[PDB]
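Visitor: Got upload12.tsv for you, TSV, C-alpha atoms and all ligand atoms:
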chain	number	residue	atom	x	y	z
C	1	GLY	CA	60.63	88.68	160.14
C	2	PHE	CA	58.04	86.29	161.56
C	3	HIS	CA	56.54	82.79	161.36
C	4	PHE	CA	59.84	80.91	161.25
C	5	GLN	CA	58.19	77.93	162.95
C	6	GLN	CA	55.49	77.93	160.27
C	7	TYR	CA	58.22	77.99	157.63
C	8	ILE	CA	59.95	74.97	159.18
C	9	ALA	CA	56.59	73.19	159.26
C	10	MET	CA	56.02	74.04	155.60
C	11	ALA	CA	59.39	72.54	154.70
C	12	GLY	CA	58.49	69.41	156.66
C	13	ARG	CA	55.17	69.02	154.87
C	14	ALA	CA	56.93	69.60	151.55
C	15	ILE	CA	59.43	66.81	152.18
C	16	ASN	CA	56.68	64.45	153.37
C	17	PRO	CA	55.91	62.18	150.38
C	18	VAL	CA	52.17	61.87	151.10
C	19	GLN	CA	52.01	65.62	150.50
C	20	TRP	CA	53.52	64.92	147.08
C	21	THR	CA	50.47	62.84	146.15
C	22	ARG	CA	48.20	65.48	147.67
C	23	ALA	CA	49.85	68.15	145.52
C	24	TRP	CA	49.65	65.90	142.46
C	25	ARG	CA	45.90	65.68	143.00
C	26	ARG	CA	45.59	69.42	143.65
C	27	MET	CA	47.44	70.23	140.41
C	28	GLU	CA	44.52	68.79	138.41
C	29	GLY	CA	43.15	71.64	136.32
C	30	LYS	CA	45.81	74.19	137.21
C	31	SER	CA	48.19	76.49	135.35
C	32	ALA	CA	51.79	77.55	135.85
C	33	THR	CA	50.67	81.18	135.79
C	34	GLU	CA	48.24	80.46	138.63
C	35	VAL	CA	50.89	78.64	140.67
C	36	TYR	CA	53.39	81.46	140.19
C	37	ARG	CA	50.83	84.13	141.06
C	38	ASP	CA	49.83	82.23	144.20
C	39	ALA	CA	53.43	81.92	145.37
C	40	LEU	CA	54.14	85.59	144.64
C	41	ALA	CA	50.97	86.57	146.50
C	42	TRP	CA	52.01	84.49	149.52
C	43	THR	CA	55.41	86.17	149.63
C	44	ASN	CA	53.82	89.60	149.25
C	45	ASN	CA	51.38	88.80	152.05
C	46	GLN	CA	54.27	87.95	154.36
C	47	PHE	CA	56.17	91.14	153.56
C	48	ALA	CA	53.01	93.24	153.84
C	49	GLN	CA	52.23	91.74	157.24
C	50	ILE	CA	55.72	92.80	158.30
C	51	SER	CA	55.40	96.33	156.90
C	52	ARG	CA	52.01	96.86	158.54
C	53	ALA	CA	52.56	95.25	161.95
C	54	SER	CA	56.04	96.70	162.55
C	55	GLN	CA	54.38	100.10	163.02
C	56	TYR	CA	52.56	99.14	166.23
C	57	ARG	CA	53.67	95.66	167.36
C	58	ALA	CA	56.88	94.23	168.79
C	59	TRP	CA	57.96	90.60	168.64
C	60	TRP	CA	59.70	88.69	171.42
C	61	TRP	CA	63.00	89.19	169.57
C	62	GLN	CA	62.71	92.99	169.40
C	63	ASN	CA	66.05	94.65	170.00
C	64	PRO	CA	67.72	98.05	169.47
C	65	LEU	CA	68.63	96.84	165.95
C	66	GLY	CA	65.13	95.60	165.12
C	67	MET	CA	64.59	93.14	162.30
C	68	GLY	CA	68.12	93.75	161.04
C	69	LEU	CA	69.40	91.27	163.60
C	70	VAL	CA	66.80	88.65	162.66
C	71	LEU	CA	67.71	89.05	159.00
C	72	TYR	CA	71.43	88.79	159.76
C	73	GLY	CA	70.68	85.66	161.77
C	74	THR	CA	68.76	84.15	158.88
C	75	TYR	CA	71.70	84.92	156.59
C	76	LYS	CA	74.26	83.48	159.02
C	77	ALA	CA	72.21	80.31	159.48
C	78	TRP	CA	71.92	79.87	155.72
C	79	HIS	CA	75.67	80.43	155.41
C	80	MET	CA	76.72	77.95	158.08
C	81	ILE	CA	74.17	75.35	156.95
C	82	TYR	CA	74.71	75.41	153.17
C	83	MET	CA	77.82	77.32	152.13
C	84	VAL	CA	80.18	75.98	154.80
C	85	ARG	CA	78.93	72.46	154.08
C	86	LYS	CA	79.72	72.97	150.40
C	87	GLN	CA	83.12	74.34	151.44
C	88	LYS	CA	83.81	71.20	153.48
C	89	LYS	CA	82.93	69.02	150.50
C	90	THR	CA	85.08	71.12	148.16
C	91	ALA	CA	87.96	70.97	150.63
C	92	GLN	CA	87.86	67.19	150.75
C	93	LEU	CA	87.59	67.08	146.95
C	94	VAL	CA	90.63	69.32	146.49
C	95	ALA	CA	92.61	67.41	149.10
C	96	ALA	CA	91.91	64.14	147.30
C	97	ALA	CA	92.66	65.53	143.83
C	98	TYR	CA	95.68	67.81	144.37
C	99	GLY	CA	96.43	67.94	148.09
C	100	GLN	CA	95.46	70.55	150.65
C	101	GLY	CA	95.86	73.98	149.09
C	102	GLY	CA	96.17	72.56	145.58
C	103	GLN	CA	93.94	75.21	144.03
C	104	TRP	CA	96.31	77.97	145.21
C	105	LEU	CA	99.54	76.42	143.92
C	106	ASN	CA	101.87	78.52	141.83
C	107	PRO	CA	102.26	77.73	138.12
C	108	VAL	CA	104.95	75.25	137.19
C	109	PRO	CA	108.25	77.17	136.89
C	110	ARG	CA	109.72	77.65	133.45
F	1	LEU	CA	93.44	63.20	122.09
F	2	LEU	CA	96.38	65.59	121.95
F	3	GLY	CA	94.71	68.60	120.34
F	4	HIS	CA	91.21	67.78	121.55
F	5	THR	CA	91.62	68.14	125.33
F	6	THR	CA	91.35	71.95	125.34
F	7	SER	CA	88.02	71.68	123.47
F	8	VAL	CA	86.01	70.12	126.33
F	9	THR	CA	84.25	73.28	127.53
F	10	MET	CA	81.95	73.91	130.47
F	11	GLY	CA	79.83	77.00	130.88
F	12	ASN	CA	79.97	79.47	133.71
F	13	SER	CA	77.37	79.42	136.49
F	14	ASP	CA	76.74	83.02	137.60
F	15	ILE	CA	73.17	84.32	137.86
F	16	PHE	CA	72.70	88.09	137.57
F	17	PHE	CA	69.55	88.57	139.63
F	18	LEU	CA	69.02	90.69	142.72
F	19	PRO	CA	65.67	92.11	143.89
F	20	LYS	CA	65.63	95.91	143.84
F	21	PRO	CA	63.34	97.13	146.65
F	22	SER	CA	63.17	100.90	146.28
F	23	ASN	CA	60.14	101.32	148.55
F	24	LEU	CA	62.62	100.88	151.41
F	25	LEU	CA	64.70	103.89	150.36
F	26	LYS	CA	63.77	107.57	150.24
F	27	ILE	CA	67.17	109.23	149.66
F	28	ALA	CA	69.36	109.40	146.60
F	29	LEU	CA	72.73	107.65	146.47
F	30	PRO	CA	76.06	108.78	145.01
F	31	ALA	CA	77.06	107.58	141.57
F	32	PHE	CA	80.38	107.31	139.77
F	33	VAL	CA	81.47	109.01	136.56
F	34	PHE	CA	83.07	106.44	134.27
F	35	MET	CA	84.10	108.47	131.22
F	36	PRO	CA	84.63	112.15	130.40
F	37	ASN	CA	81.85	113.90	128.52
F	38	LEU	CA	83.23	114.28	125.00
F	39	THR	CA	79.91	115.60	123.66
F	40	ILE	CA	80.67	119.04	125.14
F	41	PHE	CA	83.90	120.99	124.65
F	42	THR	CA	85.13	118.28	122.29
F	43	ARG	CA	87.71	120.48	120.58
F	44	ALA	CA	89.41	121.58	123.83
F	45	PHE	CA	89.46	118.21	125.63
F	46	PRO	CA	93.18	117.47	125.00
F	47	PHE	CA	93.92	120.96	126.31
F	48	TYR	CA	91.81	121.03	129.49
F	49	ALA	CA	91.84	117.33	130.44
F	50	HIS	CA	94.84	117.75	132.75
F	51	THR	CA	93.20	120.44	134.91
F	52	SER	CA	90.65	120.11	137.72
L	1	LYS	CA	18.76	85.34	158.07
L	2	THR	CA	21.77	83.89	159.88
L	3	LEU	CA	25.38	83.66	158.69
L	4	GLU	CA	26.82	80.17	158.20
L	5	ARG	CA	29.52	80.64	155.54
L	6	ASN	CA	33.10	80.67	156.82
L	7	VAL	CA	34.23	84.12	155.68
L	8	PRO	CA	37.95	84.31	154.86
L	9	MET	CA	39.94	87.39	155.78
L	10	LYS	CA	41.10	87.93	152.19
L	11	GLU	CA	37.55	88.98	151.26
L	12	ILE	CA	37.86	91.82	153.79
L	13	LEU	CA	41.49	92.86	154.26
L	14	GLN	CA	43.45	93.23	151.03
L	15	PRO	CA	47.25	93.29	151.36
L	16	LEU	CA	49.32	95.92	149.62
L	17	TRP	CA	51.71	94.93	146.85
L	18	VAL	CA	55.25	95.47	148.11
L	19	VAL	CA	57.19	92.63	146.49
L	20	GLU	CA	57.90	94.58	143.33
L	21	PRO	CA	58.53	98.28	143.87
L	22	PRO	CA	56.31	101.09	142.58
L	23	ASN	CA	56.84	102.97	139.34
L	24	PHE	CA	55.86	106.57	140.04
L	25	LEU	CA	56.83	107.51	136.48
L	26	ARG	CA	54.37	104.96	135.03
L	27	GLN	CA	56.87	104.28	132.26
L	28	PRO	CA	58.98	101.19	131.49
L	29	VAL	CA	62.69	101.01	132.13
L	30	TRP	CA	63.70	100.86	128.47
L	31	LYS	CA	61.65	103.99	127.79
D	1	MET	CA	41.29	117.00	149.31
D	2	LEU	CA	41.99	113.53	147.90
D	3	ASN	CA	40.18	111.63	145.16
D	4	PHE	CA	39.07	108.89	147.57
D	5	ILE	CA	35.28	108.41	147.61
D	6	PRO	CA	34.08	105.84	150.18
D	7	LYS	CA	32.07	102.93	148.83
D	8	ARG	CA	28.45	103.26	149.91
D	9	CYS	CA	28.14	99.50	150.33
D	10	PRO	CA	27.14	98.55	153.90
D	11	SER	CA	30.25	96.39	154.30
D	12	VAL	CA	32.24	99.65	154.11
D	13	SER	CA	30.01	102.63	154.95
D	14	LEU	CA	27.33	101.23	157.22
D	15	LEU	CA	24.06	103.16	157.05
D	16	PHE	CA	24.89	105.44	154.12
D	17	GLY	CA	21.44	106.15	152.72
D	18	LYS	CA	19.29	104.92	155.59
D	19	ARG	CA	18.49	108.59	156.30
D	20	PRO	CA	18.15	111.55	153.92
D	21	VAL	CA	20.99	113.57	155.47
D	22	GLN	CA	24.74	113.46	156.01
D	23	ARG	CA	26.73	115.30	158.68
D	24	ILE	CA	30.37	116.34	158.94
D	25	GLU	CA	32.72	118.15	161.30
D	26	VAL	CA	34.77	120.96	159.77
D	27	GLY	CA	38.01	122.59	160.87
D	28	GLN	CA	39.85	122.59	164.16
D	29	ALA	CA	36.75	123.86	165.98
D	30	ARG	CA	34.79	121.00	164.39
D	31	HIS	CA	31.78	123.00	163.25
D	32	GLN	CA	28.81	120.86	162.28
D	33	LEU	CA	27.51	120.86	158.72
D	34	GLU	CA	24.55	118.96	157.27
D	35	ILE	CA	24.38	118.03	153.59
D	36	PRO	CA	21.55	116.44	151.56
D	37	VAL	CA	22.16	112.85	150.56
D	38	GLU	CA	21.14	113.70	146.99
D	39	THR	CA	23.78	116.42	146.76
D	40	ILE	CA	26.17	113.72	147.95
D	41	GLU	CA	24.93	110.99	145.59
D	42	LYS	CA	25.64	113.37	142.72
D	43	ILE	CA	29.29	112.34	143.22
D	44	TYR	CA	28.72	108.63	142.60
D	45	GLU	CA	27.66	109.43	139.04
D	46	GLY	CA	31.21	110.56	138.28
D	47	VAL	CA	32.79	107.95	140.53
D	48	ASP	CA	34.77	105.35	138.57
D	49	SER	CA	34.54	101.75	139.80
D	50	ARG	CA	37.57	100.38	137.94
D	51	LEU	CA	39.74	102.16	140.53
D	52	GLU	CA	39.70	101.05	144.17
D	53	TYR	CA	42.23	102.02	146.83
D	54	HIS	CA	42.89	101.82	150.57
D	55	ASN	CA	41.86	98.20	151.15
D	56	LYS	CA	39.40	98.49	148.24
D	57	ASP	CA	37.07	100.71	150.25
D	58	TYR	CA	37.54	103.94	148.26
D	59	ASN	CA	36.87	104.52	144.58
D	60	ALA	CA	38.19	107.42	142.51
D	61	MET	CA	36.26	110.10	140.66
D	62	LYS	CA	36.89	111.13	137.08
D	63	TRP	CA	39.54	113.82	136.93
D	64	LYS	CA	37.20	116.25	135.15
D	65	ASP	CA	34.64	116.24	137.96
D	66	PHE	CA	37.22	116.05	140.74
D	67	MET	CA	39.06	119.09	139.38
D	68	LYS	CA	35.82	121.03	138.91
D	69	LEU	CA	35.14	120.37	142.60
D	70	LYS	CA	38.67	121.42	143.58
D	71	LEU	CA	38.29	124.58	141.49
D	72	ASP	CA	35.06	125.54	143.23
D	73	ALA	CA	36.77	125.03	146.59
D	74	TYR	CA	39.78	127.09	145.51
D	75	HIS	CA	37.56	129.90	144.22
D	76	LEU	CA	35.68	130.05	147.51
D	77	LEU	CA	38.94	130.05	149.46
D	78	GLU	CA	40.58	132.82	147.44
D	79	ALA	CA	37.39	134.87	147.66
D	80	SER	CA	37.49	134.47	151.44
D	81	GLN	CA	41.13	135.58	151.45
D	82	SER	CA	40.41	138.60	149.26
D	83	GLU	CA	38.47	141.68	150.36
D	84	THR	CA	37.06	142.91	147.04
D	85	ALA	CA	35.08	139.67	146.76
D	86	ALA	CA	31.49	139.84	145.57
D	87	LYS	CA	28.87	140.01	148.31
D	88	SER	CA	26.83	137.43	146.37
D	89	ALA	CA	27.33	134.47	144.03
D	90	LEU	CA	24.72	135.74	141.55
B	201	LIG	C1	72.09	76.10	169.47
B	201	LIG	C2	72.02	77.58	169.11
B	201	LIG	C3	73.05	77.88	168.04
B	201	LIG	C4	72.44	77.53	166.68
B	201	LIG	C5	73.51	77.31	165.61
B	201	LIG	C6	74.38	78.55	165.41
B	201	LIG	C7	73.64	79.50	164.49
B	201	LIG	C8	74.06	80.94	164.78
B	201	LIG	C9	73.16	81.89	163.99
B	201	LIG	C10	71.92	82.20	164.83
B	201	LIG	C11	70.78	82.65	163.92
B	201	LIG	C12	69.45	82.53	164.66
B	201	LIG	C13	68.30	82.60	163.66
B	201	LIG	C14	67.61	83.95	163.83
B	201	LIG	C15	66.39	84.01	162.92
B	201	LIG	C16	65.13	84.10	163.76
B	201	LIG	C17	64.89	82.80	164.53
B	201	LIG	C18	63.74	83.02	165.50
B	201	LIG	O1	63.70	84.00	166.16
B	201	LIG	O2	62.73	82.06	165.60
B	201	LIG	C19	63.19	80.80	166.00
B	201	LIG	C20	62.01	79.92	166.39
B	201	LIG	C21	60.87	80.74	166.97
B	201	LIG	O3	59.80	80.74	166.08
B	201	LIG	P1	58.80	82.05	166.04
B	201	LIG	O4	58.44	82.38	164.62
B	201	LIG	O5	59.46	83.23	166.69
B	201	LIG	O6	57.43	81.68	166.87
B	201	LIG	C22	57.56	81.35	168.22
B	201	LIG	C23	56.43	80.42	168.64
B	201	LIG	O7	55.22	81.10	168.52
B	201	LIG	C24	56.66	80.00	170.09
B	201	LIG	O8	56.31	81.06	170.93
B	201	LIG	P2	56.87	81.03	172.48
B	201	LIG	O9	56.48	82.31	173.16
B	201	LIG	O10	56.30	79.85	173.22
B	201	LIG	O11	58.52	80.92	172.45
B	201	LIG	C25	59.19	81.82	171.63
B	201	LIG	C26	60.63	81.37	171.42
B	201	LIG	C27	61.45	81.71	172.66
B	201	LIG	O12	62.81	81.79	172.36
B	201	LIG	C28	63.55	82.35	173.41
B	201	LIG	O13	63.27	83.42	173.82
B	201	LIG	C29	64.70	81.57	174.05
B	201	LIG	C30	64.23	81.11	175.43
B	201	LIG	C31	65.37	80.93	176.45
B	201	LIG	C32	66.22	82.19	176.65
B	201	LIG	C33	67.71	81.87	176.57
B	201	LIG	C34	68.06	81.42	175.15
B	201	LIG	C35	69.46	80.80	175.05
B	201	LIG	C36	69.70	79.70	176.10
B	201	LIG	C37	68.58	78.66	176.15
B	201	LIG	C38	68.24	78.09	174.78
B	201	LIG	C39	69.37	77.22	174.26
B	201	LIG	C40	69.16	77.01	172.76
B	201	LIG	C41	69.65	78.22	171.96
B	201	LIG	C42	68.45	78.98	171.38
B	201	LIG	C43	68.96	80.12	170.50
B	201	LIG	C44	67.80	81.04	170.12
B	201	LIG	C45	67.49	82.00	171.26
B	201	LIG	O14	60.62	80.00	171.19
B	201	LIG	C46	61.83	79.48	170.73
B	201	LIG	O15	62.43	80.03	169.87
B	201	LIG	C47	62.37	78.19	171.33
B	201	LIG	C48	63.88	78.15	171.16
B	201	LIG	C49	64.48	77.28	172.27
B	201	LIG	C50	64.31	75.82	171.88
B	201	LIG	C51	65.11	74.95	172.84
B	201	LIG	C52	65.34	73.57	172.23
B	201	LIG	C53	66.35	72.81	173.09
B	201	LIG	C54	67.06	71.75	172.25
B	201	LIG	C55	68.56	72.00	172.27
B	201	LIG	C56	69.17	71.56	173.60
B	201	LIG	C57	69.38	72.72	174.58
B	201	LIG	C58	70.39	73.75	174.07
B	201	LIG	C59	71.75	73.10	173.84
B	201	LIG	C60	72.84	74.16	174.03
B	201	LIG	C61	72.82	75.14	172.87
B	201	LIG	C62	73.86	76.22	173.15
B	201	LIG	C63	74.09	77.05	171.88
B	201	LIG	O16	62.44	79.01	167.37
B	201	LIG	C64	62.40	77.67	166.97
B	201	LIG	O17	63.41	77.06	166.88
B	201	LIG	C65	61.06	77.00	166.67
B	201	LIG	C66	61.12	75.54	167.11
B	201	LIG	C67	59.93	74.78	166.54
B	201	LIG	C68	59.89	73.37	167.12
B	201	LIG	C69	61.01	72.53	166.52
B	201	LIG	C70	61.08	71.17	167.22
B	201	LIG	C71	61.93	71.28	168.49
B	201	LIG	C72	63.41	71.48	168.15
B	201	LIG	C73	64.04	72.47	169.12
B	201	LIG	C74	65.15	73.26	168.43
B	201	LIG	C75	64.54	74.32	167.51
B	201	LIG	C76	65.64	75.00	166.70
B	201	LIG	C77	66.50	75.86	167.62
B	201	LIG	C78	67.95	75.40	167.55
B	201	LIG	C79	68.68	75.85	168.81
B	201	LIG	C80	68.71	74.71	169.82
B	201	LIG	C81	69.72	73.65	169.40
Before anything else, please render the file you have as structure tokens.
Guide:
Amino acid sequence: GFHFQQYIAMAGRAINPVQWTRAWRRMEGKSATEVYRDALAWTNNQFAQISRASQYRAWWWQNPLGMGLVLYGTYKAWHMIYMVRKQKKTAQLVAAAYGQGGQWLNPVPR
Amino acid sequence: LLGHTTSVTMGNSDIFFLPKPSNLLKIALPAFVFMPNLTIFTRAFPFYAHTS
Amino acid sequence: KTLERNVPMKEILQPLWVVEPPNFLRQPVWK
Amino acid sequence: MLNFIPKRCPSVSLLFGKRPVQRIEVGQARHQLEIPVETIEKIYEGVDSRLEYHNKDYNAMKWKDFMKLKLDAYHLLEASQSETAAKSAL
């Protein structure tokens, strides 16, 4: 893993509306195949940088588990930021519709 | 709307996609056997199926 | 002559393709 | 040997044909060997430019020529290993 700060900055630029107009202008004379190939090439460049530079270079976060810990941290951040938020919303929804635990209730007895 | 309430259908939402990076691996992995091979020894299968 | 063009690094260093894995058999999956 | 022929462009192999000779070190003892640049250039007639590997600095030869070269090498090596080898290549 690497360039997390650059990724945050990319997300910021993406949400900035002015960049929406800039991208609208850049998309003049452009194809979906070209856009897809460019994105795929960017991702491949990132992963190739990793594969090459891990052989001789060590980041500030280097540890006896290597990039496994950084990847687990990315996963855990994604989890706590998105999935647990969705769980909170679903919990409030279920509590308003059926009551807390309503989705695990037993079938009506016959 | 008595017999029309079980007709309001909504589709599932599962996506069956997972990147398969094999360049990361260099060893084989174990695999399950799901069914007995009936293409060989077909005539004796009921007679040797209970053994091991 | 002198050099004035701003030379990108992609014209020099080409990255390997690692996103999609290699096919050493050179045959498609259905085959 | 591999089928990786360096591009003779100066951006890759600086000073390829500036002189009429090439030099190489051979073996663990690193014996010197000089080779005529024309004998070398004979390879770039079979070189195929569609194929480029190792940061696009090495082309590949045609399999026919590459295997002829490998066969000559293998013949020399097995003759060296054998004792009944001919005292001349005539
Ligand atoms: C709160 C933590 C808990 C989070 C939620 C729980 C989640 C649990 C799951 C954890 C999963 C972790 C994710 C792992 C994936 C990899 C991430 C990674 O390695 O890169 C991260 C990334 C590093 O990017 P990079 O690609 O490695 O490039 C480095 C640069 O070149 C720069 O090069 P450099 O050499 O100059 O420095 C390298 C590196 C150096 O990083 C270090 O080595 C750490 C330095 C101090 C050592 C001790 C660390 C722990 C105690 C002090 C820090 C407390 C904050 C906790 C930081 C946890 C990460 C170590 O820089 C940093 O990462 C700075 C991080 C510290 C920012 C402090 C901001 C303070 C605001 C919060 C108030 C104070 C804390 C409140 C109490 C929180 C208690 C939990 O760090 C950033 O966050 C970038 C910030 C960009 C500016 C954003 C604007 C400022 C906002 C500040 C907050 C930024 C977000 C951090 C949130 C935490 C603070 C609230």
Visitor: Return as a list in words every polymer residue, whether protein, DNA or RNA, with at least one atom no more than 6 Å from an atom of ligand LIG 201 (chain B); count all atoms listed in the file.
Guide: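 Residues lying within 6 Å of ligand LIG 201 (chain B): residues 2, 3, 4, 5, 70, 73, 74, 76 and 77 of chain C.
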Visitor: Keeping only C-alpha atoms, take the residues you just selected and write them out as a compact mmCIF listing (two decimals), in the coordinates of the input.
Guide:
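That gives us selection_39.txt:
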# COMPACT_ATOMS: atom_id res chain seq x y z
CA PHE C 2 58.04 86.29 161.56
CA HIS C 3 56.54 82.79 161.36
CA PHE C 4 59.84 80.91 161.25
CA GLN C 5 58.19 77.93 162.95
CA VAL C 70 66.80 88.65 162.66
CA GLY C 73 70.68 85.66 161.77
CA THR C 74 68.76 84.15 158.88
CA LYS C 76 74.26 83.48 159.02
CA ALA C 77 72.21 80.31 159.48
Visitor: Kindly provide the residues of chain F that approach chain C to within 12 Å, each paired with its closest atom pair and their distance in Å to one decimal, based on all atoms listed in the file, listed by chain and increasing number, as CSV.
Guide:
residue,atom,partner,partner_atom,distance
F:21,CA,C:47,CA,11.6
F:23,CA,C:51,CA,10.8
F:24,CA,C:51,CA,10.1
Visitor: Just to confirm, what's the straight-line distance from CA of residue 50 in chain D to CA of residue 4 in chain D in Å (one decimal)?
Guide: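 Between these atoms lies a distance of 12.9 Å.
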Visitor: What is the distance, in Å and to one decimal place, between CA of residue 12 in chain L and CA of residue 40 in chain C?
Guide: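 These atoms are spaced 19.7 Å apart.
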Visitor: Once you count all atoms listed in the file, which residues of chain L turn out to be within 8 Å of chain F? Could you give them as a ChimeraX atom specification?
Guide: /L:18-22
Visitor: Could you please determine the separation between CA of residue 6 in chain F and CA of residue 86 in chain C in Å, to one decimal place?
Guide: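 Those two atoms sit 27.6 Å apart.
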Visitor: When you look at residue 45 in chain C with a cut-off of 9 Å (counting all atoms listed in the file), what residues show up, excluding the ones that are within fewer than 2 positions of it in the same chain? I need them as a list in words.
Guide: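 Answer for this query is residues 40, 41, 42, 43, 47, 48, 49 and 50 of chain C; 15, 16, 17, 18 and 19 of chain L.
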Visitor: Using all atoms listed in the file, can you tell me which of L:23, L:14, L:7, L:28 comes closest to residue 52 in chain D?
Guide: L:14
Visitor: For each of D:22, D:49, D:59, D:11, take the minimum atom-to-atom distance to chain L, counting all atoms listed in the file, then give the residue where this is smallest.
Guide: D:11
Visitor: Quick one: which chain D residues come within 9 Å of chain L, and what is the nearest atom pair for each with the distance in Å to one decimal, counting all atoms listed in the file, rows ordered by chain and ascending number, as CSV?
Guide:
residue,atom,partner,partner_atom,distance
D:11,CA,L:12,CA,8.9
D:54,CA,L:14,CA,8.6
D:55,CA,L:14,CA,5.2
D:56,CA,L:14,CA,7.2
Visitor: Between C:51, C:31, C:75, C:62, which has the minimum distance to chain L (counting all atoms listed in the file)?
Guide: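 Under the stated criterion, the closest residue is C:51.
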Visitor: Will you model N, CA, C and O atoms for range 97-109 of chain C and pass it back as an mmCIF file, in the frame of the given file?
Guide:
data_model
loop_
_atom_site.group_PDB
_atom_site.id
_atom_site.type_symbol
_atom_site.label_atom_id
_atom_site.label_comp_id
_atom_site.auth_asym_id
_atom_site.auth_seq_id
_atom_site.Cartn_x
_atom_site.Cartn_y
_atom_site.Cartn_z
ATOM 1 N N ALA C 97 92.228 65.389 145.216
ATOM 2 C CA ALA C 97 92.660 65.530 143.830
ATOM 3 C C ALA C 97 94.068 66.096 143.698
ATOM 4 O O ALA C 97 94.846 65.616 142.868
ATOM 5 N N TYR C 98 94.408 67.110 144.487
ATOM 6 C CA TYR C 98 95.680 67.810 144.370
ATOM 7 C C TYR C 98 96.473 67.858 145.657
ATOM 8 O O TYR C 98 97.683 68.104 145.601
ATOM 9 N N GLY C 99 95.847 67.640 146.802
ATOM 10 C CA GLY C 99 96.430 67.940 148.090
ATOM 11 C C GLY C 99 95.895 69.247 148.652
ATOM 12 O O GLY C 99 95.417 70.126 147.934
ATOM 13 N N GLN C 100 95.980 69.368 149.972
ATOM 14 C CA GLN C 100 95.460 70.550 150.650
ATOM 15 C C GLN C 100 96.149 71.802 150.118
ATOM 16 O O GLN C 100 97.379 71.895 150.102
ATOM 17 N N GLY C 101 95.343 72.769 149.687
ATOM 18 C CA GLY C 101 95.860 73.980 149.090
ATOM 19 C C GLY C 101 96.210 73.855 147.621
ATOM 20 O O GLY C 101 96.885 74.741 147.088
ATOM 21 N N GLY C 102 95.763 72.794 146.952
ATOM 22 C CA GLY C 102 96.170 72.560 145.580
ATOM 23 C C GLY C 102 95.639 73.584 144.602
ATOM 24 O O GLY C 102 96.236 73.802 143.545
ATOM 25 N N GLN C 103 94.515 74.219 144.924
ATOM 26 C CA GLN C 103 93.940 75.210 144.030
ATOM 27 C C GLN C 103 94.659 76.551 144.097
ATOM 28 O O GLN C 103 94.405 77.414 143.252
ATOM 29 N N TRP C 104 95.553 76.739 145.065
ATOM 30 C CA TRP C 104 96.310 77.970 145.210
ATOM 31 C C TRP C 104 97.786 77.784 144.882
ATOM 32 O O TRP C 104 98.598 78.661 145.192
ATOM 33 N N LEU C 105 98.149 76.670 144.258
ATOM 34 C CA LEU C 105 99.540 76.420 143.920
ATOM 35 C C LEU C 105 100.002 77.366 142.820
ATOM 36 O O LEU C 105 99.225 77.795 141.964
ATOM 37 N N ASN C 106 101.288 77.685 142.855
ATOM 38 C CA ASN C 106 101.870 78.520 141.830
ATOM 39 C C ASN C 106 102.023 77.737 140.529
ATOM 40 O O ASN C 106 102.130 76.510 140.544
ATOM 41 N N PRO C 107 102.035 78.424 139.391
ATOM 42 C CA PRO C 107 102.260 77.730 138.120
ATOM 43 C C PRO C 107 103.611 77.044 138.094
ATOM 44 O O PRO C 107 104.553 77.444 138.780
ATOM 45 N N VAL C 108 103.695 75.991 137.290
ATOM 46 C CA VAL C 108 104.950 75.250 137.190
ATOM 47 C C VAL C 108 106.045 76.191 136.698
ATOM 48 O O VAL C 108 105.843 76.904 135.695
ATOM 49 N N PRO C 109 107.209 76.244 137.343
ATOM 50 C CA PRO C 109 108.250 77.170 136.890
ATOM 51 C C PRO C 109 108.763 76.810 135.513
ATOM 52 O O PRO C 109 108.849 75.637 135.141
#
